[PDB]
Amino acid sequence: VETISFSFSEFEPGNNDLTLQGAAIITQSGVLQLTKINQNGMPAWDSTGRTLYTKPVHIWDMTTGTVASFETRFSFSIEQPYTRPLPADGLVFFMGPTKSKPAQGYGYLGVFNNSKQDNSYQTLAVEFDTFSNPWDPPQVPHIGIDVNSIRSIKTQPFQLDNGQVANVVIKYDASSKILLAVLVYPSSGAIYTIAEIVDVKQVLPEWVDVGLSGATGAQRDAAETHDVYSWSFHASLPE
């Protein structure tokens, strides 16, 4: 069995196990600020930032036909400090082709280039979307399972606990082809779940990068924090 796993209980600046793209920085206190926080402590609009795990993950093999099972977990907080305009745009965990660079910001969350359903993306993502774009359901925030498109195949509305920490669990079972995501707010005890059938060999390349991305909006103060406090991942490819 070919397995790979990492576990960041906090984030430390400088360590070359994570690549920081765009606006993403790691604070001295250990927080991954995906999008920019101004000097006054307020989130900046027109910001996009990602991080990628530096080593690639073997997810499936075309010769042997085997598909890996995987699971990722992270804790994040989104603080929306303004009533007007609406906050934007969200954060997302995404898996796709290696050596990728930040795509379009705003409602494309740094992962996609437009709203088109296109297999050439080769990207699977679980989004936590805070702004209702024309391709979105009306309710925000919502969890979404994104398969080669920012237009989710499945969405689940959830109520933001503004400024508080959420715990995310995402798991894929290759035998059932079930992709599963759970959000828990320890502050309130709220639990949200979403699941859908994802055939990974049809979606992802054989080797992928895993990463996290966030984006703020396209007009002044259409913004919110996208802080991540911890991140772990594990995959096991049968041989």
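Numbers for residues come from their place in the sequence shown, where the first is 1.
According to the PDB record, 66 to 74 carries the higher mean C-alpha B-factor of the two stretches 210 to 218 and 66 to 74. As the entry records it, the average C-alpha temperature factor is higher for 119 to 127, out of 119 to 127 and 150 to 158.
Each of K36, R50, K201, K171 has a CA temperature factor in the record; the biggest one is found at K201. Placement of the Cα temperature factor of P43 within the chain: middle third of the modelled residues, per the deposited record. When the CA B factors of the chain's modelled residues are split into thirds, the value for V228 lands in the lowest one. Ranked by C-alpha B-factor against the other modelled residues of its chain, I59 falls in the highest third. Looking at the C-alpha B-factors along this chain, the one for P205 belongs to the highest third. Ranked against the other modelled residues of its chain, the C-alpha B-factor of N114 as given in the entry falls in the middle third.
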